[PDB]
Amino acid sequence: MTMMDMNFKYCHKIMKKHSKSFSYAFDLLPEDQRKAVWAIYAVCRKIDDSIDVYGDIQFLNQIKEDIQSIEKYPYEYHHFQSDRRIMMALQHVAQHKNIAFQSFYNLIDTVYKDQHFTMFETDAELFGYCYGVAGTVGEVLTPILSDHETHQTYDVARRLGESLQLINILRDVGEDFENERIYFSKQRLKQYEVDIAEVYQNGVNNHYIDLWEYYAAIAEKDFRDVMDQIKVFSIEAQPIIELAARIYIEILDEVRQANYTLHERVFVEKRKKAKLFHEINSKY
Ligand SMILES: O=P(O)(O)[C@@H](CCCc1cccc(Oc2ccccc2)c1)S(=O)(=O)O
Ligand SMILES: [Mg+2]
Ligand SMILES: [Mg+2]
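Residues numbered from 1 in each chain as written, not as in the entry; some residues may be left out. Chains lettered and ligands numbered in written order. Heavy atoms only, no water.

The deposited coordinates, according to the entry record, derive from X-ray crystallography at 2.38 Å resolution.

See the structure below:
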C-alpha cells in the first residue's frame, strides 16, 4: 500500500463513520471513482463539522485556504493548514478529474453562516441553504459520476443534492433543535401554526405532522423527478446513485414509523440497505 492510498483510506474511514448510508452506496463504485468520492466527502465533512460540532472558523479558514492552494497550484507540494491527508487525496483527485472549486467555496460560505444562525423567513431561503450545503456537493461529484458533464447532468446532481438535504433536515428536527437551530421557515412555521420548542415538549400533533408532510411532499416529488433523469449519470453510477437516493429517501418512512420523533435520530438498518440494494440490482 502506497502512502497516497493511506490518505484515501483515511477519507474512507471518515465517510464510513459519518454516513453509513452513502458509504454503503458509493463503495460499490469502481476504485478510481470511490476514491474520489471518499476524498470529496471527507473534505465536505471537515467543513460541515468544523462548524456544526467544533464551531471553529479558524479551521474553516485553514481548509478554505488549503483548497484555494490546490486550485491555484494543482501540481506543487503544499503544507496544508487543516488536515494533510484529506487535502493530499483531494489534490490527487484534482490532478485527474475536473473539480468545481467554486462549489466547495459555496459550501464554505454556507457553513460559515451557520455560525451566527438566523432562521429563514421563507422556504426560498431554506431552499437556497439546501443548495449551498448539498446541491453544490452534487455539482462537485458530477464529473466523477458522469461522462457528460453537461448542464443537464449538473442540474440533476444538484437537485438530487438539494432533495437529499431536505430529507436530512426532515430527520434532524430534534437534533437541530437541541443545537438551537430550526430550518423550517417562519413563514411556513406560522402558516401551520406550529412551534418547535412546544412540539419538542408535549410531542407531535397534527399541525406539525402536516407541516412535516408538506416538506416531505416536496422532497419526494423532486426525488421522483431525478430518478426519471438518472441516466444522465454513468451506467455504473446509475444503480449506485439510485441506491444512495432510495437508501436515503427511506428515512422518511422511518421518521413516520417512529411517529415523527423529536428525540431520536431514526436510521435505516444495514439489513434494509441490503434489501433495497436487492430491489434495485434486479432492475440492473
Ligand atoms: O446540513 P447538515 O445537517 O449539517 C448535514 C451535512 C451537510 C454537509 C455535508 C456533510 C458531509 C457530506 C456532504 O456531502 C456529501 C454527501 C454524499 C457524498 C459525499 C458528500 C455534505 S448532516 O446532518 O449530515 O451533518
Ligand atoms: Mg452538520
Ligand atoms: Mg442534519
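1. Points about the coordination of the magnesium ion (ligand 2)
For a metal with four donors in a tetrahedral arrangement, the ideal angle between donors is 109.5 degrees, while six donors in an octahedron ideally sit at 90 or 180 degrees. The coordination sphere of the magnesium ion (ligand 2), as far as protein atoms go, consists of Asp 48 (OD) and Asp 52 (OD), spread over 2.5 to 2.6 Å. A spacing of 5.1 Å is found between the magnesium ion (ligand 2) and the magnesium ion (ligand 3). Placement of both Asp 48 and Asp 52 in helix 3 (residues 31-52) is noted, with a separation of four residues, approximately one turn of the helix. Classification of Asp 48 as buried rests on a relative accessible area of 18%. Note on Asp 52: relative accessible area 33%, which makes it partly exposed. (Donors = N, O, S within 2.8 Å, 3.2 Å for Na, K, Ca; no water. Helix = DSSP H or I, 4+ residues; strand = E, 2+ residues; numbered from the N terminus. Buried < 20%, exposed > 50% of the residue type's maximum accessible area, 1.4 Å probe, protein only.)

2. Quick notes on the packing of aromatic side chains
On inspection of all chains with the given rule, the structure shows 13 aromatic pairs. Measuring from centroid to centroid gives 6.1 Å for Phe 120 and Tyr 183, while their planes differ by 45°, and the two rings are tilted. Here the residue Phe 120 occupies a position in the loop between helix 6 (101-113) and helix 7 (123-145), and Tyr 183 occupies one in the loop between helix 9 (173-178) and helix 10 (186-191), the gap between them amounting to 63 residues. A single burial state applies to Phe 120 and to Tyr 183, both of which are buried. Where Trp 212 meets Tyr 260, the ring centres are 5.0 Å apart and the plane angle is 85°; that geometry is what we call edge-to-face. Residue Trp 212 is located in helix 12 (residues 206-228), and its partner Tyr 260 is located in the loop between helix 14 (251-257) and helix 15 (270-283); the two are separated by 48 residues in the primary sequence. Members of the aromatic cluster, connected to one another through ring pairs, are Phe 184, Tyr 192, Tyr 208, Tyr 214 and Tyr 215. (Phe/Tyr/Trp six-rings, centres within 6.5 Å; stacked < 30°, edge-to-face > 60°.)

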